[PDB]
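Data file: target-v8.txt. Format and content: compact mmCIF, C-alpha atoms and all ligand atoms.
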# COMPACT_ATOMS: atom_id res chain seq x y z
CA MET A 1 15.74 54.60 27.79
CA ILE A 2 13.97 51.28 28.46
CA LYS A 3 12.99 51.77 32.09
CA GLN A 4 12.32 49.37 34.93
CA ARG A 5 8.64 48.81 35.74
CA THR A 6 6.53 48.11 38.80
CA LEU A 7 2.76 48.36 39.53
CA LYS A 8 1.07 51.76 40.06
CA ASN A 9 -1.12 50.30 42.84
CA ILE A 10 -1.52 47.32 45.20
CA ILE A 11 -3.97 44.77 43.74
CA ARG A 12 -5.58 41.59 45.16
CA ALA A 13 -6.88 38.34 43.68
CA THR A 14 -8.44 35.27 45.30
CA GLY A 15 -8.23 31.70 44.09
CA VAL A 16 -7.32 28.08 44.72
CA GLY A 17 -3.97 26.31 44.37
CA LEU A 18 -4.03 23.84 41.44
CA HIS A 19 -2.14 21.14 43.35
CA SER A 20 -2.99 21.93 47.03
CA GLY A 21 -6.66 22.79 46.46
CA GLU A 22 -6.19 25.45 49.21
CA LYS A 23 -7.95 28.88 49.02
CA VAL A 24 -5.30 31.62 48.73
CA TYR A 25 -5.23 35.42 48.93
CA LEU A 26 -2.78 36.97 46.44
CA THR A 27 -1.46 40.53 46.87
CA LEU A 28 0.73 42.22 44.26
CA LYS A 29 2.52 45.26 45.75
CA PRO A 30 4.54 47.94 43.95
CA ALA A 31 8.31 47.68 44.65
CA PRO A 32 11.24 50.10 44.19
CA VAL A 33 14.06 49.98 41.60
CA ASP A 34 16.33 46.84 41.60
CA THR A 35 14.10 44.81 43.95
CA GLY A 36 13.20 42.08 41.41
CA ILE A 37 10.20 39.82 42.09
CA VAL A 38 10.04 38.74 45.79
CA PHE A 39 7.45 36.27 47.12
CA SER A 40 6.34 36.21 50.73
CA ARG A 41 4.31 33.83 52.83
CA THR A 42 2.03 36.02 55.01
CA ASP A 43 0.23 33.04 56.69
CA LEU A 44 3.52 32.25 58.61
CA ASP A 45 5.30 33.72 61.73
CA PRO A 46 7.78 35.28 61.02
CA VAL A 47 6.85 36.13 57.39
CA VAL A 48 9.23 34.29 54.99
CA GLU A 49 10.58 36.17 51.91
CA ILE A 50 11.76 34.17 48.85
CA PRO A 51 13.28 36.12 45.90
CA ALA A 52 12.09 34.67 42.53
CA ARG A 53 15.62 33.47 41.60
CA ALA A 54 16.87 30.25 39.95
CA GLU A 55 18.89 29.39 43.08
CA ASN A 56 15.65 29.18 45.15
CA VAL A 57 13.97 26.61 42.90
CA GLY A 58 13.26 23.38 44.85
CA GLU A 59 10.67 20.94 43.44
CA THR A 60 9.95 20.89 39.65
CA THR A 61 7.80 17.71 39.19
CA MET A 62 4.30 19.28 39.35
CA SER A 63 5.16 22.98 38.76
CA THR A 64 8.07 25.31 39.62
CA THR A 65 8.41 25.60 43.42
CA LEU A 66 10.48 28.16 45.31
CA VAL A 67 11.99 26.99 48.63
CA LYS A 68 13.73 28.49 51.69
CA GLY A 69 14.21 25.80 54.35
CA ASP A 70 10.94 23.93 54.91
CA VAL A 71 8.99 26.96 53.50
CA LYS A 72 7.63 26.62 49.95
CA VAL A 73 5.94 28.79 47.30
CA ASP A 74 4.39 26.48 44.64
CA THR A 75 3.38 27.12 40.96
CA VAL A 76 5.13 30.45 40.43
CA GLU A 77 5.45 30.09 36.57
CA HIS A 78 2.07 31.42 35.32
CA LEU A 79 2.26 34.59 37.41
CA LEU A 80 5.98 34.99 36.45
CA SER A 81 5.14 34.52 32.70
CA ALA A 82 2.51 37.33 33.06
CA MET A 83 5.18 39.59 34.71
CA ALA A 84 7.82 38.74 32.04
CA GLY A 85 5.19 39.34 29.33
CA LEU A 86 4.39 42.82 30.65
CA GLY A 87 7.96 43.75 31.61
CA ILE A 88 7.39 43.95 35.39
CA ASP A 89 10.87 44.06 36.97
CA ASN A 90 9.91 44.94 40.55
CA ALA A 91 7.07 43.62 42.68
CA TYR A 92 6.23 42.02 46.03
CA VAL A 93 3.99 38.94 45.73
CA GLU A 94 2.32 38.17 49.05
CA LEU A 95 0.49 34.89 49.48
CA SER A 96 -1.67 33.51 52.36
CA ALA A 97 -0.81 29.84 51.48
CA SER A 98 2.01 27.90 49.77
CA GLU A 99 0.53 27.94 46.25
CA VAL A 100 -0.12 30.78 43.78
CA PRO A 101 -3.85 30.58 42.70
CA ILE A 102 -4.45 28.78 39.37
CA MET A 103 -7.20 31.26 38.19
CA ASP A 104 -8.38 30.02 34.73
CA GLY A 105 -5.17 27.92 34.29
CA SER A 106 -3.49 30.52 32.01
CA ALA A 107 -1.55 33.85 32.50
CA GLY A 108 -4.63 35.79 31.19
CA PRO A 109 -6.21 36.78 34.55
CA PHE A 110 -2.75 37.80 35.97
CA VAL A 111 -2.04 39.92 32.86
CA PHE A 112 -5.47 41.63 33.29
CA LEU A 113 -4.94 42.10 37.09
CA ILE A 114 -1.55 43.78 36.44
CA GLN A 115 -2.95 45.99 33.66
CA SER A 116 -5.95 46.89 35.95
CA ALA A 117 -3.46 48.03 38.69
CA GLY A 118 -1.59 49.97 35.98
CA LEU A 119 2.10 49.90 35.15
CA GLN A 120 4.57 52.36 36.62
CA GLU A 121 7.82 53.16 34.76
CA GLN A 122 10.77 53.85 37.08
CA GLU A 123 13.79 56.15 36.68
CA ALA A 124 16.46 53.42 36.21
CA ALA A 125 17.45 51.39 33.15
CA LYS A 126 15.91 47.93 32.80
CA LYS A 127 18.74 45.32 32.79
CA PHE A 128 18.71 42.58 30.16
CA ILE A 129 20.75 39.36 29.83
CA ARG A 130 22.10 38.89 26.31
CA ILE A 131 22.85 35.32 25.11
CA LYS A 132 26.32 35.55 23.52
CA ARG A 133 26.93 31.86 22.97
CA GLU A 134 24.81 28.76 22.68
CA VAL A 135 24.10 26.95 25.99
CA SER A 136 22.27 23.63 26.08
CA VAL A 137 21.24 20.92 28.55
CA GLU A 138 19.99 17.42 27.69
CA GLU A 139 18.63 14.41 29.54
CA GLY A 140 17.74 11.46 27.30
CA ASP A 141 15.34 12.77 24.63
CA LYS A 142 14.64 16.06 26.54
CA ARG A 143 16.55 19.21 25.53
CA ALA A 144 16.52 22.94 26.43
CA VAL A 145 18.78 25.42 24.55
CA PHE A 146 19.59 29.13 24.55
CA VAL A 147 20.83 30.42 21.13
CA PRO A 148 22.05 34.01 20.40
CA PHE A 149 19.20 36.03 18.85
CA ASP A 150 18.72 39.80 18.66
CA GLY A 151 15.30 39.95 20.35
CA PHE A 152 13.25 37.30 22.21
CA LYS A 153 11.99 34.12 20.54
CA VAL A 154 10.61 30.85 21.97
CA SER A 155 10.23 27.54 20.15
CA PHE A 156 8.77 24.41 21.76
CA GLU A 157 8.02 20.84 20.69
CA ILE A 158 6.10 18.44 22.93
CA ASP A 159 5.39 14.70 22.82
CA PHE A 160 1.97 13.59 24.00
CA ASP A 161 0.91 10.40 25.86
CA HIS A 162 -0.75 9.69 23.19
CA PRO A 163 -1.75 10.47 20.31
CA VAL A 164 -3.77 13.81 20.29
CA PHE A 165 -5.42 15.33 17.17
CA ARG A 166 -3.76 12.57 14.99
CA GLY A 167 -0.33 13.68 16.17
CA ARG A 168 1.99 12.29 18.85
CA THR A 169 3.74 15.72 18.82
CA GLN A 170 2.97 19.48 18.69
CA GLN A 171 5.27 22.40 17.76
CA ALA A 172 5.07 26.24 17.90
CA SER A 173 7.48 29.17 17.45
CA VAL A 174 6.73 32.63 18.81
CA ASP A 175 8.97 35.63 17.96
CA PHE A 176 7.97 38.27 20.46
CA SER A 177 9.04 41.10 17.99
CA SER A 178 5.98 40.52 15.68
CA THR A 179 3.59 38.54 17.99
CA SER A 180 2.49 39.78 21.41
CA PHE A 181 2.62 37.68 24.56
CA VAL A 182 -0.88 38.99 25.50
CA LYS A 183 -2.57 37.98 22.19
CA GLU A 184 -0.88 34.69 21.29
CA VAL A 185 0.37 33.15 24.53
CA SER A 186 -1.20 34.56 27.78
CA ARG A 187 -4.56 32.77 27.40
CA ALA A 188 -3.09 29.25 26.88
CA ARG A 189 -4.37 26.99 29.73
CA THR A 190 -2.66 24.15 31.57
CA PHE A 191 -3.79 20.64 30.66
CA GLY A 192 -3.89 17.02 31.75
CA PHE A 193 -4.94 13.66 30.34
CA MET A 194 -7.69 11.94 32.31
CA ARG A 195 -5.49 8.79 32.90
CA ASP A 196 -2.81 11.04 34.48
CA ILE A 197 -5.44 13.06 36.47
CA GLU A 198 -6.98 9.89 38.03
CA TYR A 199 -3.43 8.88 39.14
CA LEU A 200 -2.60 12.41 40.49
CA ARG A 201 -5.92 12.67 42.45
CA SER A 202 -5.35 9.14 43.90
CA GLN A 203 -2.09 10.58 45.34
CA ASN A 204 -3.88 13.72 46.74
CA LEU A 205 -2.40 15.93 43.96
CA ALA A 206 -4.18 18.29 41.44
CA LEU A 207 -6.82 18.96 44.22
CA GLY A 208 -7.80 22.40 42.87
CA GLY A 209 -8.07 21.21 39.26
CA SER A 210 -11.35 21.45 37.29
CA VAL A 211 -12.64 22.10 33.73
CA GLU A 212 -12.79 25.80 34.87
CA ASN A 213 -8.95 25.99 35.18
CA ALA A 214 -7.51 23.17 33.00
CA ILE A 215 -7.96 21.47 29.61
CA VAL A 216 -8.98 17.84 30.29
CA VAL A 217 -8.44 15.31 27.55
CA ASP A 218 -9.87 11.83 27.90
CA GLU A 219 -7.29 10.07 25.67
CA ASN A 220 -7.89 11.98 22.35
CA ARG A 221 -10.95 14.19 23.06
CA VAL A 222 -11.09 17.60 24.80
CA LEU A 223 -13.81 17.24 27.50
CA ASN A 224 -14.16 21.00 28.14
CA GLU A 225 -17.56 22.09 26.76
CA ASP A 226 -16.24 25.15 24.87
CA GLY A 227 -13.11 23.48 23.45
CA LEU A 228 -9.74 25.20 22.93
CA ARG A 229 -8.66 28.90 22.93
CA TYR A 230 -5.91 28.16 20.31
CA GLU A 231 -5.66 25.11 18.00
CA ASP A 232 -2.13 24.56 19.47
CA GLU A 233 -3.07 25.56 23.06
CA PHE A 234 -1.01 22.70 24.59
CA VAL A 235 2.33 23.79 23.16
CA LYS A 236 1.43 27.52 23.67
CA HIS A 237 0.95 26.69 27.43
CA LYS A 238 4.44 25.00 27.44
CA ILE A 239 5.81 28.24 25.91
CA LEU A 240 3.95 30.20 28.66
CA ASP A 241 5.58 27.96 31.36
CA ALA A 242 9.08 28.34 29.77
CA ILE A 243 8.73 32.18 29.84
CA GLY A 244 7.78 32.05 33.53
CA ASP A 245 10.54 29.56 34.44
CA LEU A 246 13.14 31.59 32.46
CA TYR A 247 12.10 34.76 34.36
CA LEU A 248 13.80 33.20 37.44
CA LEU A 249 17.04 34.47 35.90
CA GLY A 250 16.00 37.82 37.49
CA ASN A 251 16.26 39.86 34.24
CA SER A 252 14.66 39.69 30.76
CA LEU A 253 16.51 37.63 28.14
CA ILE A 254 17.79 38.74 24.75
CA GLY A 255 18.06 35.46 22.87
CA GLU A 256 16.21 32.40 21.60
CA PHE A 257 14.97 29.54 23.77
CA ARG A 258 14.25 26.16 22.14
CA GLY A 259 12.53 23.46 24.16
CA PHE A 260 12.33 19.83 23.11
CA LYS A 261 10.01 17.89 25.40
CA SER A 262 11.50 20.15 28.23
CA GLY A 263 9.66 20.72 31.56
CA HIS A 264 10.25 22.69 34.78
CA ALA A 265 13.27 20.57 35.84
CA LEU A 266 15.30 20.97 32.64
CA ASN A 267 14.24 24.68 32.27
CA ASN A 268 15.80 25.31 35.70
CA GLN A 269 18.89 23.23 34.81
CA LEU A 270 19.32 25.39 31.69
CA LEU A 271 19.17 28.55 33.86
CA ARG A 272 21.73 27.08 36.27
CA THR A 273 24.09 26.19 33.38
CA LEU A 274 23.72 29.65 31.82
CA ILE A 275 24.38 31.40 35.23
CA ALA A 276 27.50 29.23 35.68
CA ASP A 277 28.75 29.85 32.10
CA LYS A 278 29.55 33.58 32.55
CA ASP A 279 31.25 33.84 29.11
CA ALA A 280 27.93 32.96 27.38
CA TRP A 281 26.05 36.04 28.59
CA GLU A 282 26.32 39.75 29.46
CA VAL A 283 24.10 42.41 31.14
CA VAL A 284 22.97 45.20 28.72
CA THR A 285 20.78 48.32 29.04
CA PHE A 286 19.22 50.44 26.31
CA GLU A 287 19.45 54.21 26.69
CA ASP A 288 17.58 54.37 23.36
CA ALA A 289 14.33 52.30 23.29
CA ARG A 290 13.90 53.02 19.54
CA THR A 291 16.98 50.84 18.69
CA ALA A 292 16.47 48.16 21.48
CA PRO A 293 15.69 44.55 20.20
CA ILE A 294 12.73 43.95 22.59
CA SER A 295 9.77 46.34 22.85
CA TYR A 296 7.31 46.53 25.74
CA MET A 297 3.79 47.95 25.55
CA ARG A 298 3.22 51.56 26.60
CA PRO A 299 2.74 51.75 30.43
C1 LIG A 301 -15.45 13.78 34.36
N1 LIG A 301 -14.84 14.74 35.30
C2 LIG A 301 -14.09 15.81 34.62
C3 LIG A 301 -13.60 16.82 35.67
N2 LIG A 301 -12.83 16.14 36.74
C4 LIG A 301 -12.27 17.08 37.73
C5 LIG A 301 -10.84 17.47 37.39
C6 LIG A 301 -10.56 18.33 36.33
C7 LIG A 301 -9.23 18.71 36.09
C8 LIG A 301 -8.22 18.22 36.92
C9 LIG A 301 -6.85 18.53 36.67
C10 LIG A 301 -5.72 18.79 36.45
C11 LIG A 301 -4.36 19.12 36.18
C12 LIG A 301 -3.33 18.43 36.86
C13 LIG A 301 -2.00 18.74 36.60
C14 LIG A 301 -1.67 19.66 35.57
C15 LIG A 301 -0.24 19.99 35.29
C16 LIG A 301 0.12 21.34 35.31
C17 LIG A 301 1.46 21.74 35.09
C18 LIG A 301 1.77 23.17 34.91
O1 LIG A 301 0.96 23.85 34.29
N3 LIG A 301 2.94 23.74 35.22
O2 LIG A 301 3.10 25.10 34.85
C19 LIG A 301 2.39 20.75 34.75
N4 LIG A 301 2.05 19.47 34.77
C20 LIG A 301 0.79 19.05 34.98
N5 LIG A 301 0.53 17.68 34.76
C21 LIG A 301 -0.41 17.21 33.90
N6 LIG A 301 -0.39 15.91 33.86
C22 LIG A 301 0.62 15.45 34.65
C23 LIG A 301 1.11 14.17 34.95
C24 LIG A 301 2.17 14.03 35.83
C25 LIG A 301 2.78 15.15 36.40
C26 LIG A 301 2.32 16.42 36.09
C27 LIG A 301 1.23 16.58 35.24
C28 LIG A 301 -2.71 20.29 34.85
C29 LIG A 301 -4.04 20.02 35.13
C30 LIG A 301 -8.58 17.36 37.97
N7 LIG A 301 -9.86 17.02 38.16
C31 LIG A 301 -13.60 15.06 37.40
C32 LIG A 301 -14.07 14.03 36.36
ZN ZN A 302 1.74 25.67 33.42
As C-alpha cells, how would this structure be written, given the file I've shared?
Amino acid sequence: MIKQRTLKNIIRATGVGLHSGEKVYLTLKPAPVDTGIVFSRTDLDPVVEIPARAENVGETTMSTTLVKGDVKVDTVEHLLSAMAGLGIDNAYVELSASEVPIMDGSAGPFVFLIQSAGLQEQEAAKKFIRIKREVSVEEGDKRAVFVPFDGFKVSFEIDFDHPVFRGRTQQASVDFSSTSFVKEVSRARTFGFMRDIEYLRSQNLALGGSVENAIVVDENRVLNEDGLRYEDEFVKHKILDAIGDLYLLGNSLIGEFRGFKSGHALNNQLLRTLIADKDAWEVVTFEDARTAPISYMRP
C-alpha cells in the first residue's frame, strides 16, 4: 500500500522571514498517523496550534498566511510545497516567530532538510483526493481550475509587469509522473521587480529580502550575479507556490491544476470551492502502490 509518511527525526533550521525580516527558529517534528501538518507558534504563551488547512488561511496578498484569532503564521507555501513534493502527511512545524524562514527563496533547502532527517513510512494508508469533475474559479483575467486527471499535473501561465525576456508572459506544464518535483521545481526561487521592491520596502514589507533569497529584476534584466537556475524559473516558482497552497486541502490531489495569472488568493478560493462541491471529489487509498497514479520516492 501507499503509506502515510512523517520524519524519522526532529530537525532544525534557522533563517529570516522574507516579509518580516525577523530571525526565526524552525523545528520539524515527527507526528503520528492522521495528524496532518500542524504549525505552532512557540514564542507565545500559551503556544498556539494552527492546522495547515484551507479554512485557516487569512491573508493572501504577500504570501499564504494561516490565522487563528490575532495569531498568524506567514509564508507557509514553500515549506508546504516541499512536504507535498516528498509526500509528508504528518508533521509538527514549530516556529519562534510569525513567519516561516525564506532560506534561499525556493523549496530546495526544505526538501534537503527533510531528506537529511529521513522519511518514515507509517502503517496506515495515505489518503488522496481525486478530482471527479472540473471545478474552476475566476476573477477578471485570473483563473484557477481543477480538471480530472489520473495522476498529478500542474500548468501555469503568468503575465509580467513588463516585458521580461521579450515576452509579457511565461508558461510551463509539469506532469509529476515523468518529471520529479525535486529536479524540476524545488529549486525555483521567488522573485520581484525592482519597481515593486522599492514600493514594498517603503511600506516596511519584504524586509528579509536579498539577492541571496530572491531573483531581482530591474525592469528586464536579472540583477543576481549568477543568473537563473531554470530558464523559466519565474513560472516554475508559481508552480511551486500552487503545490504548497493546494496542500492546504490536507491530502494529496489526484488531478490537474491549471493556473492563469492565479496567486495565493485565487488558489485558496479554488480550494474553498472544491471543498464545498462535494460531488466533484472523493477520498481514495491505494492498497497496491504498483497500480497507483502517483508515485513517491523510496523513503
Ligand atoms: C541594488 N540592490 C539590490 C538588492 N536590494 C535588496 C533587496 C533584494 C530583494 C528584495 C526582495 C524581494 C521580494 C519581495 C516580495 C516577493 C514576493 C514573494 C511571493 C511569494 O513567493 N509567495 O510564495 C509573492 N509575491 C511577491 N511579490 C513580488 N513582487 C510583489 C509585488 C506586490 C506584492 C507581492 C509581490 C519576492 C521577493 C528586497 N530587497 C537592494 C538594492
Ligand atoms: Zn513563493
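You can rank A:163, A:244, A:259, A:148 by their closest distance to ligand ZN 302 (chain A) using all atoms listed in the file, and at the top of that list sits A:244.
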Sorted by chain and rising residue number, which residues of chain A lie within 12 Å of ligand ZN 302 (chain A), and what are their closest atom pairs and distances in Å to one decimal, counting all atoms listed in the file, as CSV?
residue,atom,partner,partner_atom,distance
A:18,CA,A:ZN302,ZN,10.0
A:19,CA,A:ZN302,ZN,11.6
A:60,CA,A:ZN302,ZN,11.4
A:61,CA,A:ZN302,ZN,11.5
A:62,CA,A:ZN302,ZN,9.1
A:63,CA,A:ZN302,ZN,6.9
A:64,CA,A:ZN302,ZN,8.9
A:74,CA,A:ZN302,ZN,11.6
A:75,CA,A:ZN302,ZN,7.9
A:76,CA,A:ZN302,ZN,9.1
A:77,CA,A:ZN302,ZN,6.6
A:78,CA,A:ZN302,ZN,6.1
A:79,CA,A:ZN302,ZN,9.8
A:80,CA,A:ZN302,ZN,10.7
A:81,CA,A:ZN302,ZN,9.5
A:82,CA,A:ZN302,ZN,11.7
A:100,CA,A:ZN302,ZN,11.7
A:101,CA,A:ZN302,ZN,11.9
A:102,CA,A:ZN302,ZN,9.1
A:103,CA,A:ZN302,ZN,11.6
A:104,CA,A:ZN302,ZN,11.1
A:105,CA,A:ZN302,ZN,7.3
A:106,CA,A:ZN302,ZN,7.3
A:107,CA,A:ZN302,ZN,8.9
A:185,CA,A:ZN302,ZN,11.7
A:186,CA,A:ZN302,ZN,10.9
A:187,CA,A:ZN302,ZN,11.2
A:188,CA,A:ZN302,ZN,8.9
A:189,CA,A:ZN302,ZN,7.3
A:190,CA,A:ZN302,ZN,5.0
A:191,CA,A:ZN302,ZN,8.0
A:192,CA,A:ZN302,ZN,10.5
A:213,CA,A:ZN302,ZN,10.8
A:214,CA,A:ZN302,ZN,9.6
A:215,CA,A:ZN302,ZN,11.2
A:233,CA,A:ZN302,ZN,11.4
A:234,CA,A:ZN302,ZN,9.7
A:235,CA,A:ZN302,ZN,10.4
A:236,CA,A:ZN302,ZN,9.9
A:237,CA,A:ZN302,ZN,6.1
A:238,CA,A:ZN302,ZN,6.6
A:239,CA,A:ZN302,ZN,8.9
A:240,CA,A:ZN302,ZN,6.9
A:241,CA,A:ZN302,ZN,4.9
A:242,CA,A:ZN302,ZN,8.6
A:243,CA,A:ZN302,ZN,10.2
A:244,CA,A:ZN302,ZN,8.8
A:245,CA,A:ZN302,ZN,9.7
A:263,CA,A:ZN302,ZN,9.5
A:264,CA,A:ZN302,ZN,9.1
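Counting all atoms listed in the file, the residue from A:86, A:31, A:13, A:274 that sits nearest to residue 180 of chain A is A:86.
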Problem set entry | 12 Å contact set for residue 140 of chain A, all atoms listed in the file, chain neighbours under 4 positions out, as a ChimeraX atom specification | /A:144,260-262,266
Residues of segment 121-208 of chain A that approach segment 1-12 of chain A to 6 Å or less, counting all atoms listed in the file: could you list each one with the shortest pair of atoms and its distance in Å to one decimal, rows by chain and increasing residue number, as a Markdown table?
| residue | atom | partner | partner_atom | distance |
| --- | --- | --- | --- | --- |
| A:121 | CA | A:5 | CA | 4.5 |
| A:122 | CA | A:4 | CA | 5.2 |
| A:124 | CA | A:3 | CA | 5.6 |
| A:125 | CA | A:3 | CA | 4.6 |
| A:126 | CA | A:4 | CA | 4.4 |
Exercise. Atom CA of residue 210 of chain A and atom CA of residue 17 of chain A are how many Å apart?
Worked result: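 Between atom CA of residue 210 of chain A and atom CA of residue 17 of chain A the gap is 11.3 Å.
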May I have a table of the residues of segment 224-291 of chain A lying at most 10 Å from segment 33-44 of chain A, giving each one's closest pair of atoms and their distance in Å to one decimal, counting only C-alpha atoms, ordered by chain and ascending residue number, as a tab-separated table?
residue	atom	partner	partner_atom	distance
A:247	CA	A:37	CA	9.4
A:248	CA	A:37	CA	8.9
A:250	CA	A:36	CA	6.4
A:251	CA	A:36	CA	8.1
For this session: Choose the residue, out of A:114, A:54, A:211, A:182, that has the smallest atom-to-atom separation from ligand LIG 301 (chain A); count only C-alpha atoms and all ligand atoms.
Result: A:211
Problem set entry | 9 Å contact set for segment 170-173 of chain A, only C-alpha atoms, chain neighbours under 4 positions out, as a PyMOL selection string | chain A and resi 153-160+164+232+234-236+239+258
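Atom to atom, atom CA of residue 24 of chain A and atom CA of residue 299 of chain A stand 28.4 Å apart.
The interatomic distance for the pair atom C9 of ligand LIG 301 (chain A) and atom CA of residue 194 of chain A works out to 7.9 Å.
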